[PDB]
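Have a look at the structure below, then the notes.
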Amino acid sequence: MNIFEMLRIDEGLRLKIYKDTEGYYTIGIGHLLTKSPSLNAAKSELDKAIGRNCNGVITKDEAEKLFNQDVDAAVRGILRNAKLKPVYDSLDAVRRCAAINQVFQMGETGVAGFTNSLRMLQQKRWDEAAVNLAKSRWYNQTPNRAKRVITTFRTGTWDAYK
Ligand SMILES: O=[N+]([O-])c1cccs1
């Protein structure tokens, strides 16, 4: 297991534009295209991202290329965020994957309300952090995925992903 295999499990792979769990146009391995309800706007974003006229469809190689960029950008973002970097750097590599997973799904803005969880993670109070993480819109809206990510934060193992 690694971050790519983990997010591949959580996000799936679809080669045609689909709506994510929040109803937003997405493609590939959870590549958010736009929050716009206009499918044409999503298609424009897709063509811009891939560099050709896709007509709402991409290849597996193209999906994987976006995924690489997205994972990379998530990490680089975390490192530029003054609230996140100290916590991220305090973690072992497995728990860092859980951090990347959460940011990939929710964005840095999504993690803004997680101040108390973040402190508990930095303190390595793993069971307490796990309890706090579940008191969230995130957990309520995507409980099976959040449970996997939280188990990863709690244990620093890949037990939830087998
Ligand atoms: O950067 N971090 O240690 C993070 C943990 C959870 C969301 S981001």
Open item on the list: Just to be sure before I move on: is residue 101 more than 16 Å from the ligand (Cβ to nearest atom) and not in a loop (DSSP other than H, G, I, E, B) in the structure I sent?
Closed with: no
TODO: Mind listing whichever residues of region 54-74 are surrounded by fewer than 16 Cβ atoms within 10 Å (Cβ to Cβ), among the hydrophobic types (A, V, I, L, M, F, W, C) and within 16 Å of the ligand (Cβ to nearest atom)?
DONE: 73
Task: Residue pairs meeting the criteria (Cβ under 7 Å; at least 6 apart or on separate chains; first farther than 19 Å from residue 29 by Cα, in region 93-111; second within 7 Å of the ligand (Cβ to nearest atom) and in a helix (DSSP H, G or I)) - done: 96/88; 111/102; 111/103
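For (1) surrounded by 18 or more Cβ atoms within 10 Å (Cβ to Cβ); (2) touching a strand residue (DSSP E or B) at 6+ places or on another chain (Cβ under 7 Å); (3) farther than 23 Å from residue 97 by Cα, each residue gets a yes or a no:
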{"residue": "6", "(1), (2), (3)": "yes, no, no"}
{"residue": "15", "(1), (2), (3)": "no, yes, yes"}
{"residue": "23", "(1), (2), (3)": "no, no, yes"}
{"residue": "30", "(1), (2), (3)": "yes, no, no"}
{"residue": "41", "(1), (2), (3)": "no, no, yes"}
{"residue": "44", "(1), (2), (3)": "no, no, yes"}
{"residue": "48", "(1), (2), (3)": "no, no, yes"}
{"residue": "77", "(1), (2), (3)": "no, no, no"}
Open item on the list: I'd like to know if region 105-127 contains one or more residues that are away from the ligand (no atom under 12 Å from the Cβ), outside any loop (DSSP other than H, G, I, E, B) and of a type in the set (A, V, I, L, M, F, W, C).
Closed with: yes
TODO: Could you name every one of the helices (runs of 4 or more DSSP H) located completely within region 1-82 that has at least 3 residues being under 21 Å from residue 149 (Cβ atoms) and among the aliphatic types (A, V, I, L, M)?
DONE: 3-11, 60-80
Open item on the list: For region 131-158, give me each residue that is surrounded by 13 or more Cβ atoms within 10 Å (Cβ to Cβ), away from the ligand (no atom under 12 Å from the Cβ) and within 20 Å of residue 1 (Cβ to Cβ).
Closed with: 142, 145, 147, 148, 151, 154, 155, 156, 158
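Reconstructed Cβ throughout: ideal geometry from the backbone, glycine too, with neighbour counts over all protein chains shown. Laboratory data are not the source of any read-out in this text; all were calculated from the coordinates shown.
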